[PDB]
>>> print(open('entry.cif').read())   # mmCIF, N, CA and C atoms
data_my_file
loop_
_atom_site.label_atom_id
_atom_site.label_comp_id
_atom_site.auth_asym_id
_atom_site.auth_seq_id
_atom_site.Cartn_x
_atom_site.Cartn_y
_atom_site.Cartn_z
N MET A 1 97.11 103.09 103.55
CA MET A 1 96.65 101.76 103.04
C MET A 1 97.16 100.66 103.96
N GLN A 2 96.28 99.72 104.31
CA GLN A 2 96.66 98.62 105.19
C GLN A 2 95.89 97.35 104.82
N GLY A 3 96.62 96.32 104.40
CA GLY A 3 96.01 95.05 104.02
C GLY A 3 95.86 94.14 105.24
N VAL A 4 94.83 93.29 105.22
CA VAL A 4 94.59 92.36 106.33
C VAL A 4 94.59 90.93 105.81
N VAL A 5 95.37 90.07 106.47
CA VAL A 5 95.45 88.66 106.08
C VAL A 5 94.46 87.83 106.87
N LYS A 6 93.62 87.08 106.16
CA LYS A 6 92.62 86.23 106.81
C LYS A 6 92.87 84.76 106.47
N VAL A 7 93.29 83.99 107.47
CA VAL A 7 93.56 82.57 107.28
C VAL A 7 93.17 81.79 108.53
N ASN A 8 92.67 80.58 108.34
CA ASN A 8 92.26 79.75 109.46
C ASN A 8 93.45 79.41 110.36
N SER A 9 94.59 79.10 109.73
CA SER A 9 95.81 78.76 110.48
C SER A 9 96.93 79.75 110.17
N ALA A 10 97.53 79.62 108.99
CA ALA A 10 98.63 80.50 108.59
C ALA A 10 98.76 80.53 107.07
N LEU A 11 99.14 81.69 106.53
CA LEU A 11 99.29 81.85 105.08
C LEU A 11 100.77 81.97 104.72
N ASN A 12 101.20 81.20 103.73
CA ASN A 12 102.59 81.24 103.29
C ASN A 12 102.83 82.42 102.36
N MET A 13 104.04 83.01 102.45
CA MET A 13 104.41 84.16 101.61
C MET A 13 105.39 83.71 100.54
N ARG A 14 105.37 84.37 99.38
CA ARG A 14 106.24 83.97 98.27
C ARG A 14 106.96 85.17 97.63
N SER A 15 108.23 84.98 97.27
CA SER A 15 109.04 86.06 96.68
C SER A 15 108.40 86.59 95.40
N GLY A 16 107.90 85.68 94.57
CA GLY A 16 107.27 86.06 93.31
C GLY A 16 105.76 85.82 93.36
N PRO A 17 105.01 86.44 92.47
CA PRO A 17 103.52 86.28 92.41
C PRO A 17 103.11 84.96 91.76
N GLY A 18 103.29 83.86 92.48
CA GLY A 18 102.94 82.55 91.95
C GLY A 18 103.34 81.47 92.94
N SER A 19 102.74 80.29 92.81
CA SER A 19 103.06 79.20 93.72
C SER A 19 104.38 78.54 93.33
N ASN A 20 104.81 78.80 92.10
CA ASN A 20 106.05 78.22 91.58
C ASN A 20 107.28 78.71 92.35
N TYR A 21 107.26 79.97 92.76
CA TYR A 21 108.40 80.54 93.48
C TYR A 21 108.69 79.76 94.76
N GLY A 22 107.65 79.40 95.50
CA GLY A 22 107.82 78.65 96.75
C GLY A 22 107.68 79.56 97.97
N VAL A 23 107.46 78.94 99.13
CA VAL A 23 107.30 79.70 100.38
C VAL A 23 108.64 80.17 100.92
N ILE A 24 108.69 81.45 101.29
CA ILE A 24 109.91 82.05 101.85
C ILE A 24 109.70 82.43 103.31
N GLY A 25 108.45 82.32 103.77
CA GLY A 25 108.11 82.65 105.15
C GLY A 25 106.68 82.24 105.46
N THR A 26 106.28 82.41 106.72
CA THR A 26 104.92 82.05 107.15
C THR A 26 104.23 83.26 107.77
N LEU A 27 102.99 83.52 107.34
CA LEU A 27 102.20 84.65 107.86
C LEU A 27 101.06 84.14 108.74
N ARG A 28 100.78 84.87 109.83
CA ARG A 28 99.71 84.53 110.76
C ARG A 28 98.44 85.29 110.41
N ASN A 29 97.33 84.89 111.02
CA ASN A 29 96.06 85.56 110.78
C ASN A 29 96.04 86.89 111.52
N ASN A 30 95.18 87.79 111.07
CA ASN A 30 95.06 89.11 111.68
C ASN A 30 96.40 89.84 111.69
N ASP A 31 97.23 89.58 110.67
CA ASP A 31 98.54 90.23 110.57
C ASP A 31 98.46 91.44 109.65
N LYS A 32 98.63 92.63 110.21
CA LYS A 32 98.59 93.85 109.41
C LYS A 32 99.86 93.98 108.58
N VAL A 33 99.70 94.31 107.30
CA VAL A 33 100.85 94.46 106.40
C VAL A 33 100.68 95.70 105.53
N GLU A 34 101.79 96.15 104.94
CA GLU A 34 101.76 97.32 104.06
C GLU A 34 101.79 96.89 102.60
N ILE A 35 100.76 97.28 101.86
CA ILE A 35 100.66 96.93 100.44
C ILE A 35 101.36 97.98 99.58
N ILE A 36 102.26 97.52 98.71
CA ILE A 36 103.00 98.42 97.84
C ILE A 36 102.27 98.60 96.51
N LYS A 37 101.77 97.50 95.97
CA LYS A 37 101.05 97.54 94.69
C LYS A 37 100.47 96.17 94.37
N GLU A 38 99.54 96.13 93.40
CA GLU A 38 98.91 94.88 92.99
C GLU A 38 99.32 94.53 91.56
N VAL A 39 99.92 93.35 91.39
CA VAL A 39 100.37 92.90 90.07
C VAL A 39 99.81 91.51 89.75
N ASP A 40 99.24 91.37 88.55
CA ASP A 40 98.68 90.09 88.12
C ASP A 40 97.68 89.55 89.14
N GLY A 41 96.98 90.45 89.82
CA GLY A 41 95.99 90.05 90.82
C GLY A 41 96.64 89.79 92.17
N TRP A 42 97.96 89.63 92.17
CA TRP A 42 98.69 89.39 93.41
C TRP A 42 98.98 90.72 94.10
N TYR A 43 98.98 90.70 95.43
CA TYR A 43 99.25 91.92 96.20
C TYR A 43 100.68 91.91 96.71
N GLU A 44 101.38 93.01 96.49
CA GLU A 44 102.76 93.14 96.94
C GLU A 44 102.77 93.69 98.36
N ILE A 45 103.31 92.91 99.29
CA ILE A 45 103.38 93.32 100.70
C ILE A 45 104.80 93.23 101.22
N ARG A 46 105.05 93.92 102.32
CA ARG A 46 106.38 93.97 102.93
C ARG A 46 106.30 93.57 104.41
N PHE A 47 107.12 92.60 104.82
CA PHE A 47 107.12 92.13 106.21
C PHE A 47 108.53 91.73 106.64
N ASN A 48 108.92 92.18 107.82
CA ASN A 48 110.24 91.88 108.36
C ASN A 48 111.35 92.34 107.42
N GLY A 49 111.10 93.45 106.72
CA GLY A 49 112.10 93.99 105.80
C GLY A 49 112.21 93.15 104.53
N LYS A 50 111.30 92.19 104.37
CA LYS A 50 111.30 91.32 103.19
C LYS A 50 110.15 91.69 102.26
N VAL A 51 110.35 91.47 100.96
CA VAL A 51 109.32 91.79 99.97
C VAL A 51 108.86 90.51 99.27
N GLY A 52 107.54 90.35 99.16
CA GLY A 52 106.98 89.17 98.52
C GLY A 52 105.54 89.43 98.08
N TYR A 53 104.86 88.36 97.68
CA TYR A 53 103.47 88.45 97.22
C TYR A 53 102.59 87.49 98.01
N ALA A 54 101.30 87.81 98.09
CA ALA A 54 100.34 86.98 98.82
C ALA A 54 99.06 86.81 98.01
N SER A 55 98.37 85.70 98.22
CA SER A 55 97.14 85.42 97.49
C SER A 55 96.08 86.47 97.84
N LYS A 56 95.25 86.81 96.86
CA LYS A 56 94.20 87.80 97.07
C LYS A 56 93.02 87.18 97.82
N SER A 57 92.87 85.87 97.71
CA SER A 57 91.78 85.17 98.37
C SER A 57 91.87 85.31 99.89
N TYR A 58 93.09 85.20 100.42
CA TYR A 58 93.30 85.29 101.87
C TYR A 58 93.61 86.73 102.31
N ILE A 59 93.69 87.64 101.34
CA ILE A 59 93.99 89.05 101.63
C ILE A 59 92.77 89.92 101.30
N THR A 60 92.38 90.76 102.25
CA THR A 60 91.23 91.66 102.06
C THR A 60 91.68 93.11 102.15
N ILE A 61 91.31 93.90 101.15
CA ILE A 61 91.68 95.31 101.12
C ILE A 61 90.79 96.12 102.05
N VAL A 62 91.41 96.99 102.85
CA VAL A 62 90.66 97.81 103.80
C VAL A 62 90.38 99.19 103.21
N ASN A 63 89.13 99.63 103.31
CA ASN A 63 88.73 100.93 102.79
C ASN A 63 89.01 101.04 101.30
N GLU A 64 88.52 100.06 100.54
CA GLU A 64 88.72 100.05 99.09
C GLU A 64 87.93 101.18 98.43
N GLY A 65 88.21 102.41 98.84
CA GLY A 65 87.52 103.57 98.28
C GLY A 65 86.12 103.69 98.86
N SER A 66 85.89 103.04 99.99
CA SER A 66 84.59 103.08 100.64
C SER A 66 84.30 104.48 101.17
N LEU A 67 83.01 104.79 101.33
CA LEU A 67 82.60 106.10 101.83
C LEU A 67 81.30 105.97 102.61
N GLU A 68 80.72 104.78 102.60
CA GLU A 68 79.48 104.54 103.31
C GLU A 68 79.70 104.63 104.82
N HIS A 69 78.79 105.33 105.51
CA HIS A 69 78.89 105.50 106.96
C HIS A 69 77.66 104.91 107.65
N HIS A 70 77.84 104.47 108.89
CA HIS A 70 76.75 103.89 109.66
C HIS A 70 75.85 103.02 108.78
N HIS A 71 76.48 102.26 107.88
CA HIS A 71 75.73 101.39 106.98
C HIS A 71 75.17 100.20 107.74
N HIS A 72 73.97 99.76 107.34
CA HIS A 72 73.32 98.61 107.98
C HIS A 72 72.78 97.64 106.94
N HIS A 73 73.07 96.36 107.12
CA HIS A 73 72.61 95.34 106.19
C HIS A 73 71.20 94.88 106.54
N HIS A 74 70.35 94.76 105.53
CA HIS A 74 68.97 94.34 105.75
C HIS A 74 68.34 95.14 106.89
#
>>> encode(input="entry.cif", output="structure tokens")
Amino acid sequence: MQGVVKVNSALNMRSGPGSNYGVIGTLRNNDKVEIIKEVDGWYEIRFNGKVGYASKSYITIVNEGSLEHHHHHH
């Protein structure tokens, strides 16, 4: 499992799953991270030996049980 962060500039990381906790670090775009689990819609990721949560809007799950091959749109 590998999560991908998509942000125009940079996405802030938080110790708890909420904006109330506050930013504990800064994440860059195209930054591969390891997802531990999803709680309250928030994704648990680990970076630099630190554990926190990130917004699902800026995080896209890779291979979410996909199986389609050589798929073509329209």
>>> axis_aligned_box(input="entry.cif", around="segment 21-26 of chain A", padding_each_side="5 Å", output="AutoDock Vina command-line options")
--center_x 107.1 --center_y 81.0 --center_z 100.3 --size_x 15.7 --size_y 14.6 --size_z 25.0
>>> select_by_dssp(input="entry.cif", residues="segment 14-61 of chain A", states="strand (DSSP E or B)", output="MDAnalysis selection string")
chainID A and resid 14 23:28 32:39 42:47 50:54 59:61
>>> closest_residue(input="entry.cif", among="A:29, A:19, A:9, A:2", to="residue 54 of chain A", atoms="only C-alpha atoms")
A:19
>>> atom_distance(input="entry.cif", atom1="atom C of residue 33 of chain A", atom2="atom C of residue 73 of chain A")
29.5 Å
>>> residues_around(input="entry.cif", residues="residue 23 of chain A", least_positions_apart="6", cutoff="6.5 Å", atoms="only N, CA and C atoms", output="list in words")
residues 12, 13, 14 and 15 of chain A
>>> resolve_selection(input="entry.cif", expression="the PyMOL selection byres ((chain A and resi 17) around 8)", output="list in words")
residues 14, 15, 16, 18, 19, 20, 21, 39, 40, 41, 42, 43, 52, 53, 54 and 55 of chain A
>>> write_last_selection(input="entry.cif", atoms="N, CA and C atoms", output="compact mmCIF listing (two decimals), in the coordinates of the input")
# COMPACT_ATOMS: atom_id res chain seq x y z
N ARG A 14 105.37 84.37 99.38
CA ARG A 14 106.24 83.97 98.27
C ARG A 14 106.96 85.17 97.63
N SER A 15 108.23 84.98 97.27
CA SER A 15 109.04 86.06 96.68
C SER A 15 108.40 86.59 95.40
N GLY A 16 107.90 85.68 94.57
CA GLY A 16 107.27 86.06 93.31
C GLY A 16 105.76 85.82 93.36
N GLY A 18 103.29 83.86 92.48
CA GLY A 18 102.94 82.55 91.95
C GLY A 18 103.34 81.47 92.94
N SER A 19 102.74 80.29 92.81
CA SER A 19 103.06 79.20 93.72
C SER A 19 104.38 78.54 93.33
N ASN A 20 104.81 78.80 92.10
CA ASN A 20 106.05 78.22 91.58
C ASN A 20 107.28 78.71 92.35
N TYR A 21 107.26 79.97 92.76
CA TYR A 21 108.40 80.54 93.48
C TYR A 21 108.69 79.76 94.76
N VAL A 39 99.92 93.35 91.39
CA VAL A 39 100.37 92.90 90.07
C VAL A 39 99.81 91.51 89.75
N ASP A 40 99.24 91.37 88.55
CA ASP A 40 98.68 90.09 88.12
C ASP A 40 97.68 89.55 89.14
N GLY A 41 96.98 90.45 89.82
CA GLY A 41 95.99 90.05 90.82
C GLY A 41 96.64 89.79 92.17
N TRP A 42 97.96 89.63 92.17
CA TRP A 42 98.69 89.39 93.41
C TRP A 42 98.98 90.72 94.10
N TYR A 43 98.98 90.70 95.43
CA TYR A 43 99.25 91.92 96.20
C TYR A 43 100.68 91.91 96.71
N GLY A 52 107.54 90.35 99.16
CA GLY A 52 106.98 89.17 98.52
C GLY A 52 105.54 89.43 98.08
N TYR A 53 104.86 88.36 97.68
CA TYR A 53 103.47 88.45 97.22
C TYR A 53 102.59 87.49 98.01
N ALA A 54 101.30 87.81 98.09
CA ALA A 54 100.34 86.98 98.82
C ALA A 54 99.06 86.81 98.01
N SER A 55 98.37 85.70 98.22
CA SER A 55 97.14 85.42 97.49
C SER A 55 96.08 86.47 97.84
>>> atom_distance(input="entry.cif", atom1="atom CA of residue 47 of chain A", atom2="atom N of residue 31 of chain A")
11.1 Å
>>> residues_around(input="entry.cif", residues="residue 63 of chain A", least_positions_apart="3", cutoff="8 Å", atoms="all atoms listed in the file", output="ChimeraX atom specification")
/A:1-2,60,66-67
>>> atom_distance(input="entry.cif", atom1="atom CA of residue 32 of chain A", atom2="atom CA of residue 5 of chain A")
6.9 Å
>>> closest_residue(input="entry.cif", among="A:7, A:44, A:70, A:57", to="residue 27 of chain A", atoms="all atoms listed in the file")
A:7
>>> closest_residue(input="entry.cif", among="A:45, A:11, A:6, A:50", to="residue 30 of chain A", atoms="only N, CA and C atoms")
A:6
>>> build_atoms(input="entry.cif", residues="segment 37-57 of chain A", atoms="N, CA, C and O atoms", output="PDB file, keeping the file's coordinate frame")
ATOM      1  N   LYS A  37     101.770  97.500  95.970  1.00  0.00           N
ATOM      2  CA  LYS A  37     101.050  97.540  94.690  1.00  0.00           C
ATOM      3  C   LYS A  37     100.470  96.170  94.370  1.00  0.00           C
ATOM      4  O   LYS A  37     100.848  95.161  94.963  1.00  0.00           O
ATOM      5  N   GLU A  38      99.540  96.130  93.400  1.00  0.00           N
ATOM      6  CA  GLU A  38      98.910  94.880  92.990  1.00  0.00           C
ATOM      7  C   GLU A  38      99.320  94.530  91.560  1.00  0.00           C
ATOM      8  O   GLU A  38      99.098  95.310  90.634  1.00  0.00           O
ATOM      9  N   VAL A  39      99.920  93.350  91.390  1.00  0.00           N
ATOM     10  CA  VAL A  39     100.370  92.900  90.070  1.00  0.00           C
ATOM     11  C   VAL A  39      99.810  91.510  89.750  1.00  0.00           C
ATOM     12  O   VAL A  39      99.897  90.595  90.558  1.00  0.00           O
ATOM     13  N   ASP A  40      99.240  91.370  88.550  1.00  0.00           N
ATOM     14  CA  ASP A  40      98.680  90.090  88.120  1.00  0.00           C
ATOM     15  C   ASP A  40      97.680  89.550  89.140  1.00  0.00           C
ATOM     16  O   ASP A  40      97.526  88.337  89.289  1.00  0.00           O
ATOM     17  N   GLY A  41      96.980  90.450  89.820  1.00  0.00           N
ATOM     18  CA  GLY A  41      95.990  90.050  90.820  1.00  0.00           C
ATOM     19  C   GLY A  41      96.640  89.790  92.170  1.00  0.00           C
ATOM     20  O   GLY A  41      95.959  89.753  93.196  1.00  0.00           O
ATOM     21  N   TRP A  42      97.960  89.630  92.170  1.00  0.00           N
ATOM     22  CA  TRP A  42      98.690  89.390  93.410  1.00  0.00           C
ATOM     23  C   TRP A  42      98.980  90.720  94.100  1.00  0.00           C
ATOM     24  O   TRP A  42      99.204  91.731  93.442  1.00  0.00           O
ATOM     25  N   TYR A  43      98.980  90.700  95.430  1.00  0.00           N
ATOM     26  CA  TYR A  43      99.250  91.920  96.200  1.00  0.00           C
ATOM     27  C   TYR A  43     100.680  91.910  96.710  1.00  0.00           C
ATOM     28  O   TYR A  43     101.131  90.933  97.314  1.00  0.00           O
ATOM     29  N   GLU A  44     101.380  93.010  96.490  1.00  0.00           N
ATOM     30  CA  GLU A  44     102.760  93.140  96.940  1.00  0.00           C
ATOM     31  C   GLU A  44     102.770  93.690  98.360  1.00  0.00           C
ATOM     32  O   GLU A  44     102.296  94.802  98.608  1.00  0.00           O
ATOM     33  N   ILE A  45     103.310  92.910  99.290  1.00  0.00           N
ATOM     34  CA  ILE A  45     103.380  93.320 100.700  1.00  0.00           C
ATOM     35  C   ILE A  45     104.800  93.230 101.220  1.00  0.00           C
ATOM     36  O   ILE A  45     105.661  92.581 100.624  1.00  0.00           O
ATOM     37  N   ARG A  46     105.050  93.920 102.320  1.00  0.00           N
ATOM     38  CA  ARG A  46     106.380  93.970 102.930  1.00  0.00           C
ATOM     39  C   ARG A  46     106.300  93.570 104.410  1.00  0.00           C
ATOM     40  O   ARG A  46     105.494  94.119 105.171  1.00  0.00           O
ATOM     41  N   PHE A  47     107.120  92.600 104.820  1.00  0.00           N
ATOM     42  CA  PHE A  47     107.120  92.130 106.210  1.00  0.00           C
ATOM     43  C   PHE A  47     108.530  91.730 106.640  1.00  0.00           C
ATOM     44  O   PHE A  47     109.230  91.030 105.913  1.00  0.00           O
ATOM     45  N   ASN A  48     108.920  92.180 107.820  1.00  0.00           N
ATOM     46  CA  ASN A  48     110.240  91.880 108.360  1.00  0.00           C
ATOM     47  C   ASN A  48     111.350  92.340 107.420  1.00  0.00           C
ATOM     48  O   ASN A  48     112.408  91.726 107.337  1.00  0.00           O
ATOM     49  N   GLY A  49     111.100  93.450 106.720  1.00  0.00           N
ATOM     50  CA  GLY A  49     112.100  93.990 105.800  1.00  0.00           C
ATOM     51  C   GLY A  49     112.210  93.150 104.530  1.00  0.00           C
ATOM     52  O   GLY A  49     113.100  93.373 103.711  1.00  0.00           O
ATOM     53  N   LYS A  50     111.300  92.190 104.370  1.00  0.00           N
ATOM     54  CA  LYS A  50     111.300  91.320 103.190  1.00  0.00           C
ATOM     55  C   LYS A  50     110.150  91.690 102.260  1.00  0.00           C
ATOM     56  O   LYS A  50     109.108  92.164 102.715  1.00  0.00           O
ATOM     57  N   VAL A  51     110.350  91.470 100.960  1.00  0.00           N
ATOM     58  CA  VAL A  51     109.320  91.790  99.970  1.00  0.00           C
ATOM     59  C   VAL A  51     108.860  90.510  99.270  1.00  0.00           C
ATOM     60  O   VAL A  51     109.674  89.695  98.842  1.00  0.00           O
ATOM     61  N   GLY A  52     107.540  90.350  99.160  1.00  0.00           N
ATOM     62  CA  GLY A  52     106.980  89.170  98.520  1.00  0.00           C
ATOM     63  C   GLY A  52     105.540  89.430  98.080  1.00  0.00           C
ATOM     64  O   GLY A  52     105.068  90.561  98.098  1.00  0.00           O
ATOM     65  N   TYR A  53     104.860  88.360  97.680  1.00  0.00           N
ATOM     66  CA  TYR A  53     103.470  88.450  97.220  1.00  0.00           C
ATOM     67  C   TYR A  53     102.590  87.490  98.010  1.00  0.00           C
ATOM     68  O   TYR A  53     103.063  86.484  98.543  1.00  0.00           O
ATOM     69  N   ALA A  54     101.300  87.810  98.090  1.00  0.00           N
ATOM     70  CA  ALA A  54     100.340  86.980  98.820  1.00  0.00           C
ATOM     71  C   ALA A  54      99.060  86.810  98.010  1.00  0.00           C
ATOM     72  O   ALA A  54      98.704  87.679  97.208  1.00  0.00           O
ATOM     73  N   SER A  55      98.370  85.700  98.220  1.00  0.00           N
ATOM     74  CA  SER A  55      97.140  85.420  97.490  1.00  0.00           C
ATOM     75  C   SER A  55      96.080  86.470  97.840  1.00  0.00           C
ATOM     76  O   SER A  55      96.009  86.942  98.970  1.00  0.00           O
ATOM     77  N   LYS A  56      95.250  86.810  96.860  1.00  0.00           N
ATOM     78  CA  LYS A  56      94.200  87.800  97.070  1.00  0.00           C
ATOM     79  C   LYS A  56      93.020  87.180  97.820  1.00  0.00           C
ATOM     80  O   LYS A  56      92.256  87.888  98.479  1.00  0.00           O
ATOM     81  N   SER A  57      92.870  85.870  97.710  1.00  0.00           N
ATOM     82  CA  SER A  57      91.780  85.170  98.370  1.00  0.00           C
ATOM     83  C   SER A  57      91.870  85.310  99.890  1.00  0.00           C
ATOM     84  O   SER A  57      90.861  85.480 100.568  1.00  0.00           O
TER      85      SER A  57
END
